[PDB]
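A.B. asks: Before I ask anything, let me first share the structure, which is written out below as structure tokens.
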Ligand SMILES: [Cl-]
Ligand SMILES: [Cl-]
Ligand SMILES: [Cl-]
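Residue numbers (the deposited numbering), protein chains in the order written: chain B, -1 to 71, 76 to 231; chain A, 1 to 71, 77 to 231; chain C, 203 to 210; chain D, 202 to 210.
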């Protein structure tokens, strides 16, 4: 009557190959709603699906806001109306992801790496909502993003090595949150520097494959530090 | 006070690369009943060509995965059939717009040729996924539309007109890939390339951005086919 | 494909 | 402009 979990996962993999990320997100939402935990592979299919969907909406929103700002600094209400439509759709996708995280995926116990992964996702989608938010609502959204990232930070520090790619990615995104969203550039630079140095000190212990994965994210930290300093 | 808003939002949707939205705005603008300008015809074609292009690309990926199968499972076929059905729905929507409005209400030869070329193109996209007796009917419809556009373009437009060139390019691709008429495809593309080439460099600041890209594609297809 | 651009 | 982590880690 319904579709098997394995078939939803297989079609999400096909949808990724066919670059049909809206379909991929729908298959992964269906697989999450089966109630079973996600594997490391399956967690990435969920994140890839929604990151691509919301990424396209974020990009469209920036284009429309850039046109709108230039139109003020061409005297029609259509630019504001259409930017508001894209904004509302983006918010709906973020609310869907955050709903999945809270109603199923995030648990009070279980695999630390998966919990960190999901709490980082929670911080990320509240950060995407903050990118388009204004006023007192923006203040609430920023607090929710910092809470999720901070909880993930606390768990990752006690449960994962400093070279873990998910720990590295979390710290990279939380430093971007500090720099771009919370207006805390000093904390952003401090965090990125600290994360890179702690990981560099431990790289000598890694296998060839682990070193490739960790150094891939360390290059993103290196890149932002260059940009910010 | 809605048509102007629809065309302005279709232009914004193109800039924001939101082609599903762009197609919906242009479908709404067409449904106003008024004829489309040259600029507006391109917004309509850009919107649907990008929507259907993504579906065509996805369909080719899933069909190519089926060419691996057991060097698997029914899911690839099921998902390819879903993509195939959506692609067919978009083509049927475009062809419906062309027949219920645009071809009948086209006021000049260049616009009429543009829309009949679109009709041949979307029947050709349906032929790419069709099989059996249905495919034979779809191929006949595509050839009818392209042939009518050819007849009008030959009598009303110069051999260097970008829309006439793009029509001939696409009809030659129809002959090679869809109708299994490679000889007719080469004859048409070579005739097109030569007649336009002889006049392209002899014109005075006419439409060259359109011509240059199309004649590259003719040169490239002729290279592969011969 | 080697077919015409959408805009022309 | 800066970068944030890839979707797949
Ligand atoms: Cl099941
Ligand atoms: Cl993976
Ligand atoms: Cl144009």
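Built from N, CA and C at the ideal position, the CB exists for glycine as well.
For ligand 1, is there any heavy atom lying closer than 7 Å to the beta carbon of residue 3 of chain B?
C.D. replies: At least one heavy atom of ligand 1 is nearer than 7 Å to the Cβ of residue 3 of chain B, so yes.
A.B. asks: What is the rounded straight-line gap between the Cα of residue 75 of chain B and the Cα of residue 58 of chain B?
C.D. replies: Coordinates for residue 75 of chain B are lacking, as chain B steps from 71 to 76 with nothing built in between.
A.B. asks: Quick one: list the residues of chain A neighbouring residue 17 of chain B, beta-carbon separation under 9 Å, in chain order.
C.D. replies: Residues of chain A passing the Cβ test: 54, 57, 58 and 61.
A.B. asks: Anything in chain C within Cβ reach of residue 45 of chain A, meaning under 7 Å, just list it in chain order.
C.D. replies: Per Cβ cutoff of 7 Å: 208 and 209.
A.B. asks: Specify, as a first and last residue, the run of the alpha helix (DSSP H) that residue 166 of chain B falls within.
C.D. replies: Here residue 166 of chain B belongs to no alpha helix (DSSP H), and DSSP marks it neither H nor E.
A.B. asks: Does the distance between the C-beta of residue 42 of chain B and the nearest non-hydrogen atom of ligand 2 fall short of 7 Å?
C.D. replies: Flag set: Cβ of residue 42 of chain B near ligand 2.
A.B. asks: Out of A/17, A/24 and A/20, state which residue places its alpha-carbon closest to the alpha-carbon of residue 5 of chain A.
C.D. replies: Nearest option by C-alpha distance: A/24.
A.B. asks: So residue 228 of chain A is in the alpha helix (DSSP H); what residue range does that whole segment cover?
C.D. replies: Taken as a continuous stretch (DSSP letters only), the alpha helix (DSSP H) holding residue 228 of chain A covers 213 to 230.
A.B. asks: Given a cut-off of 8 Å, decide if residue 190 of chain B and residue 230 of chain B are closer than it, judged by their beta-carbon atoms.
C.D. replies: Against a cut-off of 8 Å, the Cβ pair of residue 190 of chain B and residue 230 of chain B comes out as a contact.
A.B. asks: Consider the C-beta atom of residue 129 of chain A and the heavy atoms of ligand 2; say whether any pair is separated by less than 7 Å.
C.D. replies: Residue 129 of chain A Cβ: outside cutoff for every heavy atom of ligand 2.
A.B. asks: Among A/82, A/179 and A/16, whose alpha-carbon lies nearest the alpha-carbon of residue 50 of chain A?
C.D. replies: Selected option, being the one with the closest Cα: A/16.
A.B. asks: Is the CB of residue 5 of chain B under 8 Å away from at least one CB in chain A?
C.D. replies: Chain A contact via Cβ: present.
A.B. asks: Can you list, in chain order, the residues of its chain with a C-beta nearer than 8 Å to that of residue 148 of chain A? Leave out the 5 residues immediately preceding and following it.
C.D. replies: Contacts found: 125, 179 and 184.
A.B. asks: Considering just the uninterrupted stretch of the alpha helix (DSSP H) at residue 109 of chain B, what are its terminal residues?
C.D. replies: Run containing residue 109 of chain B: none; DSSP gives neither H nor E here.
A.B. asks: Below 8 Å, how does it come out for the stretch 80 to 100 of chain B and the stretch 128 to 148 of chain B: are there three or more Cβ pairs, yes or no?
C.D. replies: Cβ pair count under 8 Å is three or more, so yes.
A.B. asks: Any beta-carbon of chain D closer than 8 Å to the one on residue 143 of chain B?
C.D. replies: With 8 Å as the cut-off, residue 143 of chain B does not count as an interface residue toward chain D.
A.B. asks: Taking the alpha carbon of residue 193 of chain B as the point to measure from, which residue in B/216, B/206, B/35 and B/224 has its own alpha carbon closest?
C.D. replies: Residue 193 of chain B has its Cα closest to that of B/224, out of B/216, B/206, B/35 and B/224.
A.B. asks: Suppose you measure from the CA of residue 209 of chain B to the CA of residue 198 of chain B; what does that come to, to the nearest Å?
C.D. replies: Using only the alpha carbons, I get a separation of about 18 Å.
A.B. asks: Helix or strand or just coil, what does DSSP make of residue 22 of chain A?
C.D. replies: It is helical.
A.B. asks: In chain A, which residues lie with their C-beta within 8 Å of the C-beta of residue 80 of chain B?
C.D. replies: Residues of chain A passing the Cβ test: 5, 8, 9 and 12.
A.B. asks: Under a CB-based cut-off of 8 Å, is residue 84 of chain A close to chain B?
C.D. replies: Closer than 8 Å: yes.
A.B. asks: Which residues in chain A have a C-beta closer than 8 Å to the C-beta of residue 65 of chain B? List them in chain order.
C.D. replies: Chain A residues near residue 65 of chain B: 12 and 15.
A.B. asks: Any beta carbon from chain D within less than 8 Å of residue 139 of chain B's own beta carbon?
C.D. replies: False, the Cβ-Cβ gap to chain D never drops below 8 Å.
A.B. asks: Give the straight-line distance between the Cα atoms of residue 22 of chain B and residue 158 of chain A, rounded to the nearest whole angstrom.
C.D. replies: Using only the alpha carbons, I get a separation of about 44 Å.
A.B. asks: For residue 208 of chain C, name the three-state secondary structure that DSSP assigns.
C.D. replies: Reduced to three states, the DSSP call for residue 208 of chain C is coil.
A.B. asks: Mind listing which residues of the stretch 156 to 172 of chain A have their C-beta closer than 7 Å to chain C's C-betas, in chain order?
C.D. replies: Against chain C - using a Cβ distance shorter than 7 Å - the residues of the stretch 156 to 172 of chain A are 167, 168 and 171.
A.B. asks: Does the count of Cβ pairs from the stretch 107 to 124 of chain A and the stretch 159 to 166 of chain A closer than 8 Å reach three?
C.D. replies: As far as the Cβ criterion goes, the stretch 107 to 124 of chain A touches the stretch 159 to 166 of chain A, which means the pair count is three or higher.
A.B. asks: Hey, would you say the C-beta of residue 14 of chain A is under 7 Å away from at least one heavy atom of ligand 3?
C.D. replies: No - ligand 3 has no heavy atom lying nearer than 7 Å to the Cβ of residue 14 of chain A.
A.B. asks: Would you call the CB atoms of residue 14 of chain B and residue 29 of chain B closer than 8 Å?
C.D. replies: No; because the gap between Cβ atoms is not below 8 Å, this pair is not in contact.
A.B. asks: Could you tell me the boundaries of the alpha helix (DSSP H) in which residue 187 of chain A lies?
C.D. replies: First-last of the alpha helix (DSSP H) with residue 187 of chain A: 187 to 205.
A.B. asks: Who are the neighbours of residue 178 of chain A on chain C, taking C-beta pairs under 8 Å?
C.D. replies: Per Cβ cutoff of 8 Å: 203, 204 and 205.
A.B. asks: Starting from residue 215 of chain A, find everything on chain C with Cβ-Cβ shorter than 7 Å and list it in chain order.
C.D. replies: Near residue 215 of chain A (Cβ distances below 7 Å), the residues of chain C are 210.
A.B. asks: Does any residue of chain C have a CB that is nearer than 8 Å to the CB of residue 175 of chain A?
C.D. replies: So, interface residue.
A.B. asks: Measuring straight from C-alpha to C-alpha, what distance separates residue 175 of chain A and residue 85 of chain A?
C.D. replies: Rounded to the nearest angstrom, the two C-alpha atoms are 25 Å apart.
A.B. asks: Measuring only from the beta carbon, is residue 60 of chain A closer than 7 Å to any heavy atom that is part of ligand 4?
C.D. replies: In terms of ligand content, the structure shown lacks ligand 4 and carries ligand 1, ligand 2 and ligand 3 instead.
A.B. asks: Could you spell out the range, first to last residue, of the alpha helix (DSSP H) harbouring residue 65 of chain B?
C.D. replies: Where residue 65 of chain B is concerned, the enclosing alpha helix (DSSP H) stretches over 38 to 70.
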